[PDB]
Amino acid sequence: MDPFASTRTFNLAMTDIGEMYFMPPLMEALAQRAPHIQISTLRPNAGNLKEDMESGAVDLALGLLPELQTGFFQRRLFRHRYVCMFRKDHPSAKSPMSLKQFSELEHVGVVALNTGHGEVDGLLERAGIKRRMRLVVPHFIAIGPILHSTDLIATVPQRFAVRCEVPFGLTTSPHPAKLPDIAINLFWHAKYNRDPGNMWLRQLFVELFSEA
């Protein structure tokens, strides 16, 4: 039972935000504790996630994922809030940003289609908040770069924000609208509940990322 030995390949399912948050420190720990195992990832959208996890082709899934209900074990890692993001020298955006200012400024939206993060557009729209979306993008990769050279502002998850704040010189403010908490859970299928390798790996996840 000494990890350094293993030469296994784990398949991990996560969103783009996930990958960017989870992966850098997972790779650190793997380098000193199990430097011979191989990780590959993939978007939950891409497949029958359910079917893939059942037939063992996907060892673990990170994220929000409501569909994963019966036959899946679940473990809570952290809750995070939607947060308002803009560059650090933004000439007008205040912290805490007010609900009025949040209407007047120009935004970049992220569609985040079929994720938890796509709830956002609709909840705002329904609170009566029409944002001037000068830019709409399908995913998050660009927000750092865009916000950095522009006066736009984005609605973003707090753990994404904290990744982007030093690299791109941005700041955060609590979100002036009422948005739900997004809860990042870890999922495995019942069959791999007592698989030594699986347990080990998820134990690692909970150690690095569990806020308890």
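One rule holds for the numbers: they count along the sequence shown, beginning at 1.
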item: Mean C-alpha temperature factor, higher of 142-150 and 176-184; value: 176-184
item: Per the entry, higher mean C-alpha B factor between 34-42 and 48-56; value: 48-56
item: Options 124, 93, 85, 110 - largest CA temperature factor per the record; value: 124
item: Selection from 134, 81, 75, 100 [criterion: highest C-alpha temperature factor in the record]; value: 75
